[PDB]
2 protein chains.
Amino acid sequence: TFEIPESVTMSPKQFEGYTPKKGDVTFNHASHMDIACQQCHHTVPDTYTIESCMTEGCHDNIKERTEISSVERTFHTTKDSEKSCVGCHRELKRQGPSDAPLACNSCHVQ
Amino acid sequence: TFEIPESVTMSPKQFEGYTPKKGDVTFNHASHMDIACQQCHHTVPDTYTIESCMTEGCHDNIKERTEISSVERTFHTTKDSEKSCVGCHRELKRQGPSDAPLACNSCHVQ
Ligand code: HEM
Ligand code: HEM
Ligand code: HEM
Ligand code: HEM
Ligand code: HEM
Ligand code: HEM
Ligand code: HEM
Ligand code: HEM
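Residues numbered from 1 in each chain as written, not as in the entry; some residues may be left out. Chains lettered and ligands numbered in written order. Heavy atoms only, no water.

Listed as the method for this PDB entry is X-ray crystallography; the listed resolution is 2.2 Å.

Take a look at the structure:
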């Protein structure tokens, strides 16, 4: 019943009439499997479900860019090293050479 | 879509014509929420799903008691401190006073 999707295409195309600045992002669970599911899916105890980070009421704000609900801040902030995409990748580099990408065109596929 | 059940009643009544020796076990995720989901649900990478520990092909052997698929060994072995029920509870005690139960009548409800 509960199936985990290996490859997920995260896209801003879901926002009404937003003209995206970057391409879609492909997230693979395989490369992140050693990380506790709840570290990223940090709201599991609040809803007892695992849902999209961009669900209504979560990180779905495409208007503001510096708010907690903002898409840009959420996935690129370097002040959070546990669940921010670039935040953790950035943090790994402080521990030694890391392949985890910071380049915009590594996450954002074209 | 993906909802996590808080209270799960684990029962051996699901085994053909097995006469159970002990009562059903109630497992609550709330008391175990700090533990990585995949530590217990250790076969997630093999099936990419989270299913019952007693699923066919897993720990469903009620005939043998000392085999890996055996129900008795799986949940009570003290040689595994990561996913065995009594194994971890036992291990916690070596770290200091722990309320985590070892008494048969704590897990097995009556
Ligand atoms: C741990 C093995 C783990 C589980 C379990 C898990 C499940 C999961 C599901 C069911 C989805 C789909 C949600 C939906 O219906 O939209 C999902 C999606 C994503 N996950 Fe995950 N996930 C686990 C682990 C991890 C880890 C360790 C991270 C962080 C590196 C993570 C992140 C993500 C992301 C991102 C998605 C896409 C979410 C979106 O907004 O579309 N998962 N996960
Ligand atoms: C999806 C797996 C997901 C990610 C990724 C994610 C990241 C994230 C970050 C980086 C923060 C920190 C922001 C900061 O600058 O400090 C953060 C904070 C909150 N999130 Fe989140 N988040 C993901 C999923 C979800 C979901 C599904 C919701 C909505 C229920 C949501 C909500 C929030 C809230 C609220 C916060 C602030 C409070 C807190 O727990 O720190 N997030 N998220
Ligand atoms: C945020 C949802 C997020 C994204 C998106 C993301 C992407 C990503 C890519 C594209 C790679 C390269 C490999 C691949 O294509 O899968 C990659 C690899 C690693 N990541 Fe990541 N990642 C996201 C989030 C996080 C978080 C929150 C962490 C850390 C807690 C993290 C870690 C890693 C690691 C480790 C790798 C492997 C790098 C390597 O040495 O090969 N990612 N991520
Ligand atoms: C490189 C500095 C970089 C830029 C620039 C960038 C931009 C960007 C924007 C503007 C968005 C919002 C949606 C849009 O396309 O307009 C966005 C969203 C996501 N990003 Fe990004 N991004 C940059 C870098 C990275 C890196 C290195 C990763 C992966 C670690 C990454 C991930 C994400 C994710 C996840 C999202 C949300 C889903 C989406 O809208 O595509 N970005 N990024
Ligand atoms: C981490 C927050 C986490 C998730 C996610 C999770 C999910 C989950 C589901 C969906 C079930 C139902 C499976 C089914 O359909 O039968 C389930 C059931 C049990 N879980 Fe769990 N679980 C998470 C965390 C943990 C942890 C940390 C443990 C170990 C202490 C654990 C164990 C169990 C057990 C036992 C069950 C009942 C399984 C059965 O055989 O009936 N879960 N979990
Ligand atoms: C359900 C969350 C679940 C539990 C609990 C569990 C425990 C468990 C233990 C204690 C062991 C160690 C046995 C020993 O004495 O060394 C163990 C080993 C295996 N398991 Fe398991 N297991 C749970 C779930 C599942 C599921 C859903 C399956 C079937 C796909 C399964 C299978 C196995 C197998 C095979 C092993 C041996 C190989 C290994 O990974 O160590 N388990 N399990
Ligand atoms: C194996 C599937 C398993 C069961 C069953 C189980 C039950 C259980 C009970 C009945 C309690 C008491 C509280 C309650 O009713 O929920 C309890 C509490 C703790 N457990 Fe446990 N537990 C199972 C598995 C595991 C595993 C694998 C670990 C360790 C990795 C673990 C840990 C804990 C902890 C910690 C507690 C809290 C004790 C406290 O100080 O209150 N359990 N468990
Ligand atoms: C105390 C030493 C103790 C006994 C005895 C005991 C017995 C027992 C049996 C015989 C089974 C198999 C099914 C049956 O009832 O015949 C079984 C299964 C489970 N047990 Fe147990 N058990 C004892 C202790 C404990 C403790 C302290 C816990 C919780 C940490 C626990 C847990 C479980 C679980 C889970 C199962 C599987 C589901 C089920 O069949 O009930 N047991 N136990």
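On we go.
Attention now goes to the coordination of the iron atom of ligand 6. Of the protein atoms, only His42(B) (NE2) and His59(B) (NE2) coordinate the iron atom of ligand 6, at distances of 2.0 Å. Given a relative accessible area of 15%, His59(B) falls into the buried group. (Donors = N, O, S within 2.8 Å, 3.2 Å for Na, K, Ca; no water. Buried < 20%, exposed > 50% of the residue type's maximum accessible area, 1.4 Å probe, protein only.)

Residues and elements named next belong to chain A. Coordination sphere of the iron atom of ligand 4, protein contribution only: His76 (NE2) and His108 (NE2), at 1.9 to 2.0 Å. Every donor counted, the 6 donor atoms about the iron atom of ligand 4 form angles of 87 to 180° at the centre, which fits octahedral coordination. Of this pair, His76 sits in helix α3 (residues 71-76) while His108 sits in the segment after α5 (104-107), placing them 32 residues apart in sequence. For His108, a relative accessible area of 17% gives the class buried. (Tetrahedral: all angles 85-135°; square planar, octahedral: opposite > 155°, others 65-115°. Helix = DSSP H or I, 4+ residues; strand = E, 2+ residues; numbered from the N terminus.)

Attention now goes to the interface of chain B and chain A. Listed by partner, the interface residues are 17 residues for chain B and 17 residues for chain A. Taking both partners together, chain B and chain A bury about 1,500 Å²; carbon and sulfur atoms supply 68% of that area. Three residues stand out in chain B for area buried against chain A, namely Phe2(B), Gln38(B) and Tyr48(B), and they jointly supply 45% of the buried area on that side. Viewed at the interface, chain A and chain B are joined by 0 salt bridges. Inspection of the chain B/chain A interface yields 12 residue pairs in polar contact. Secondary-structure elements contributing two or more residues to the side of chain B that touches chain A are α1 (37-40) and α2 (44-47) of chain B. Residues of the side of chain B that touches chain A, tallied by class, amount to 11 nonpolar, 3 polar and 3 charged. (Contact = heavy atoms within 4.5 Å. Buried area = accessible area lost by both parts, 1.4 Å probe. Salt bridge = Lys/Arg side-chain N within 4 Å of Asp/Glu carboxyl O. Polar contact = N/O pair within 3.5 Å; in protein donor to acceptor, adjacent residues only side chain to side chain. Nonpolar A, V, L, I, M, F, W, Y, C, P; charged D, E, K, R; others polar.)

Residue and element names in this part refer to chain B. Close contacts around ligand 6 come from 16 residues, with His42, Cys53, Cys58, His59 and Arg73 the closest. Between ligand 6 and the protein, one listed contact pairs a nitrogen atom with a side-chain N or O atom of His42 at 2.7 Å. At a separation of 2.9 Å, an oxygen atom of ligand 6 approaches a polar side-chain atom of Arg73. With 3 residues, helix α3 (residues 71-76) is the largest single contributor of residues to the shell around ligand 6. For the shell around ligand 6, a count of residues per class yields 5 nonpolar, 7 polar and 4 charged. (Near = heavy atom within 4 Å.)

Tallying each qualifying case throughout the model produces 1 aromatic pair over all chains. Measuring from ring centre to ring centre gives 3.2 Å for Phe2(A) and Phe2(B), while their planes differ by 0°; the resulting arrangement is stacked. Remark: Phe2(B) occurs in the segment before β1 (7-10) and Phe2(A) occurs in the segment before β1 (7-10); the pair is interchain, linking two chains. Both residues of the pair, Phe2(A) and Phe2(B), count as buried. (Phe/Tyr/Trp six-rings, centres within 6.5 Å; stacked < 30°, edge-to-face > 60°.)

Residue and element names in this part refer to chain A. The environment of ligand 2 is formed by 16 residues, the closest being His42, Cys53, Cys58, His59 and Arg73. In this structure, a nitrogen atom belonging to ligand 2 sits 2.7 Å away from a side-chain N or O atom of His59. Within the side chain of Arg73, one N or O atom sits 2.9 Å away from an oxygen atom of ligand 2. Top element by residues in the shell around ligand 2 is α3. It accounts for 3 residues. Looking at the shell around ligand 2, its residues break down into 5 nonpolar, 7 polar and 4 charged.

So, about the UniProt feature "binding site: heme c 1" in chain A. The UniProt feature table records "binding site: heme c 1" at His29(A), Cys37(A), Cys40(A) and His41(A). In this structure, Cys37(A) sits in helix α1 (residues 37-40). Once you skip the residues sitting within four places of it in the chain, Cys37(A) turns out to touch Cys37(B) and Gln38(B). Examined against the element boundaries, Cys40(A) turns out to sit in helix α1. (UniProt positions renumbered as here; feature names shortened; annotations may be inferred.)

Moving on, we come to the side chain of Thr74(B). Residues and elements named next belong to chain B. Tracing the backbone shows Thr74 in helix α3. Exposure remark for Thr74: the relative accessible area of 14% places this residue in the buried category. Within the structure, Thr74 has its side chain in polar contact with the backbone oxygen of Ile68 (distance 3.1 Å). With residues up to four places along the chain from it excluded, the contact list for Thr74 reads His59, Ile68, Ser69 and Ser84.

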